[PDB]
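Visitor: what's the 3D shape of this:
(4 chains)
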Amino acid sequence: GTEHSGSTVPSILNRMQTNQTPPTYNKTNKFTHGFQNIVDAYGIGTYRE
Amino acid sequence: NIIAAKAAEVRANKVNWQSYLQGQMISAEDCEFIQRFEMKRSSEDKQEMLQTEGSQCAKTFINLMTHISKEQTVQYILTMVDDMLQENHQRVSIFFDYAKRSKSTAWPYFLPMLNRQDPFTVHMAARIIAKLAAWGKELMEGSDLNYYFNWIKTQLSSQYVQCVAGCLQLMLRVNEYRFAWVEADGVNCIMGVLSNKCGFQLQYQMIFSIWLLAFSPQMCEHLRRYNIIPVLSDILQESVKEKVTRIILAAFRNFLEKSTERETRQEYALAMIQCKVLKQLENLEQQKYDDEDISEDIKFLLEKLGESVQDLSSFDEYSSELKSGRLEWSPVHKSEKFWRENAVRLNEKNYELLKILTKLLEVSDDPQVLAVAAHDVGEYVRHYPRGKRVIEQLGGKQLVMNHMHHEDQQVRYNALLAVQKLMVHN
Amino acid sequence: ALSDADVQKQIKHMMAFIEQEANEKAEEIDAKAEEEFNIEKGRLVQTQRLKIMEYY
Amino acid sequence: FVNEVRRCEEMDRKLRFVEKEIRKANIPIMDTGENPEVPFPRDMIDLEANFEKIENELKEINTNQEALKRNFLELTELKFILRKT
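Guide: Numbering: from 1, shown residues only, chains lettered A, B, ... in the order given. Have a look at this structure:
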């Protein structure tokens, strides 16, 4: 993105850790998405469960 | 940052001057000055520099840049002396290093110099040039800095080019040499290099140069022959760097403020017809900034462009151009005030203008003027049933029907619109 | 390094940007002072020229 | 920045009007594909202004051809009454 627009931007993406609770994600595919939806319809739990 | 990198490199090098403090090999009496009052941070050192009176400073340093020639030593020595010459907000200020004994201490050493253009030679040259504008010495002759290669080589290439451009925009402040340069071919070089699509910083500096040159109304009349204002408006449309738009707007405001003579300021109308700047102000007005100068300049330009359209919009010149035989898409076509109130003026003696416009539609075959005439006649009949029955009698309805079969389809659609304006209860 | 190198890059670009903008504001305000120099010098010069030509 | 967002809402309104107009007239859409065809300029503003102008043109043609149809109906009524000895 900097190469397209050379606005003298080094495009720095640092990292941080705080008290905020992270979101939860699980990659699905062609024969597992409806099952993720079944679990989500009845509730989603903690993080890294 | 190549020249900035060179400055950084030589900013960590203090030369070996004590080893030859009295030495004739390097800086016999200059090293005495380097020893004495080296701490420029101290105001006492700067103000007791006057004890020297320039006898060593900038008098024995004259031709010292030429005394040394090895690329790895001359550069450190030259950058040290130049860096001492650089800041000088109160050290030298208005050329305090006079040293009246010789005028060779200021202008006439550049001639052997400016050769081997790369290692801080043209750069310290541009710095010595920077000791001319707001300093206690003016350039002895314009050809010294108006007919040499230190800018011809930077016309196209390269941080040195950017540094030269920066110094150049800095030097356009005193009319004495601004006028001498620009009256020569410097205008052509500036126009050529701004038109060449390059780094935005360069063109940005050149529009500063244009804004500075706009300070003279006579110079604006001189430069009217170039198409600078619409092309800068095109750049404004195709480049939005905040500051760049600010400077283009500032140049237009300065031109509008000077106003050498209205009869020569057709640029009021050019700022619209060539590019509808008000279209861009429909959105720049939505853009908000903290700099109140942006808003003030925007309001100034907006009001003045509105009054430019007001003065450009006149039934007098309108009928004059309708009788001239050459027509264009004047903004008055969409001026609903015209077609609402001043439309009865198109009825001259026994509808003379309507008659000759019907004849122009009959004879002419240029699609632009034909479409203009058809659109104008349609907007005329949009407000007059008397004109409607007259044009029905004339048979010009059939002429617009023939224009609905014109070779160009846009003119066919315009004729269709005109007939639709002839369709009210018909 | 990558963390502190990026910190250095951020600080560099920040100081460069503000140096640009602030120096440019200073230059513009100085130019305004110069145009106003022209205004004052014109006013005073003409007001003096009146008396000069009267006397002569 | 709600000025730009409101502008976008106007763009959506105009495009929805075009959609209904084509659907009444039975004009299909190609709809091939090529989903990632996405620039981000400022010229799109002027583009959709031009499109809004064309939409105003079509609106004017509608509001005029309705009157033309009314006039034609009255004139055909005149033609009808002109058949009587």
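
Visitor: give me the residue from chain D nearest chain A.
Guide: Of all residues in chain D, residue D:40 sits closest to chain A, with a separation of 10.0 Å (C-beta to the nearest C-beta). Yep, even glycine has a C-beta here, placed from its N, CA and C like the rest.

Visitor: could you pull up phi and psi at that residue?
Guide: In terms of degrees, to the nearest 10, the main-chain angles of residue D:40 are phi -140, psi 60.

Visitor: please report how far it lies from chain C.
Guide: Applying C-beta to the nearest C-beta, to the nearest Å, the value for residue D:40 to chain C is 23 Å.

Visitor: same thing with residue B:214?
Guide: 11 Å.

Visitor: and residue B:318, what helix or strand is that in?
Guide: Here residue B:318 sits within helix B:315-324, counting by DSSP states H and E.

Visitor: residues from chain C in reach of chain B?
Guide: C:21, C:24, C:28, C:31, C:34, C:35, C:38 (C-beta under 8 Å from any C-beta of the partner chain).

Visitor: and those, which is closest to residue C:8?
Guide: Closest to residue C:8 out of these is residue C:21 (20.8 Å), distances taken as C-beta to C-beta.

Visitor: give me the three-state assignment for residue A:7.
Guide: For residue A:7, the secondary-structure state derived from DSSP: H, G, I helix; E, B strand; the rest coil is coil.

Visitor: what does residue D:59 give?
Guide: When classified by three-state DSSP, residue D:59 comes out as helix.

Visitor: any idea how far it lies from residue B:396?
Guide: Counting by C-beta to C-beta, to the nearest Å, the gap from residue D:59 to residue B:396 is 28 Å.

Visitor: what does the helix or strand harbouring residue B:370 rub up against?
Guide: Element membership for residue B:370 (DSSP H and E) is helix B:367-381. Residues from elsewhere that reach helix B:367-381 (C-beta atoms under 8 Å, 6 or more residues apart in numbering or on different chains): B:326-330, B:333, B:339, B:343, B:346, B:354, B:357-358, B:360-361, B:364, B:387-388, B:391, B:396, B:400, B:403, B:406-408, B:410-411, B:414-415, B:417-418, B:420-422.

Visitor: try 6 Å
Guide: For helix B:367-381, contacts defined as C-beta atoms under 6 Å, 6 or more residues apart in numbering or on different chains pick out B:327, B:339, B:343, B:346, B:357, B:360-361, B:364, B:387-388, B:403, B:408, B:411, B:414-415, B:417-418, B:421-422.

Visitor: about what we covered before: alpha carbons only: can I get the helix holding residue B:318 in PDB?
Guide: Extracted in PDB, the C-alpha atoms of helix B:315-324 (Å, rounded to 0.1, in the frame of the first residue of the first chain):
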ATOM      1  CA  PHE B 315     -27.100  39.500 -22.800                       C
ATOM      2  CA  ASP B 316     -25.100  42.200 -24.600                       C
ATOM      3  CA  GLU B 317     -22.100  40.000 -25.400                       C
ATOM      4  CA  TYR B 318     -24.500  37.100 -25.800                       C
ATOM      5  CA  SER B 319     -26.400  38.800 -28.700                       C
ATOM      6  CA  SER B 320     -23.100  40.100 -30.100                       C
ATOM      7  CA  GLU B 321     -21.700  36.600 -30.400                       C
ATOM      8  CA  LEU B 322     -25.100  35.400 -31.800                       C
ATOM      9  CA  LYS B 323     -24.700  37.900 -34.500                       C
ATOM     10  CA  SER B 324     -21.000  37.200 -35.000                       C
END
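
Visitor: quick one: name whatever helix or strand follows it.
Guide: helix B:336-341.

Visitor: return the backbone torsion pair for residue 14.
Guide: If you meant another chain, say so; for now it's chain A. Per-residue torsions, residue A:14: phi -80, psi -170 (degrees, to the nearest 10).

Visitor: my question was about chain B
Guide: Here residue B:14 shows phi and psi, under degrees, to the nearest 10, equal to phi -100, psi 120.

Visitor: what's the neighbour count on it?
Guide: Neighbours of residue B:14 under the rule other C-beta atoms under 10 Å in any protein chain shown: 11.

Visitor: ok, it - contacts?
Guide: Listed by C-beta under 6 Å, 6+ apart, residue B:14 has no contact partners.

Visitor: same thing but at 8 Å, please
Guide: Counting by C-beta under 8 Å, 6+ apart, residue B:14 makes contact with residue B:80.

Visitor: tell me the spacing between it and chain D.
Guide: Distance, residue B:14 to chain D, using C-beta to the nearest C-beta: 51 Å.

Visitor: equivalent analysis for residue A:35, please.
Guide: According to C-beta to the nearest C-beta, residue A:35 and chain D sit 27 Å apart.

Visitor: the most centrally placed residue in chain A: what secondary structure?
Guide: The residue lying closest to the centre of chain A (C-alpha atoms, centre = their mean) is residue A:25, at 6.1 Å. Classification of residue A:25 by three-state DSSP places it in coil.
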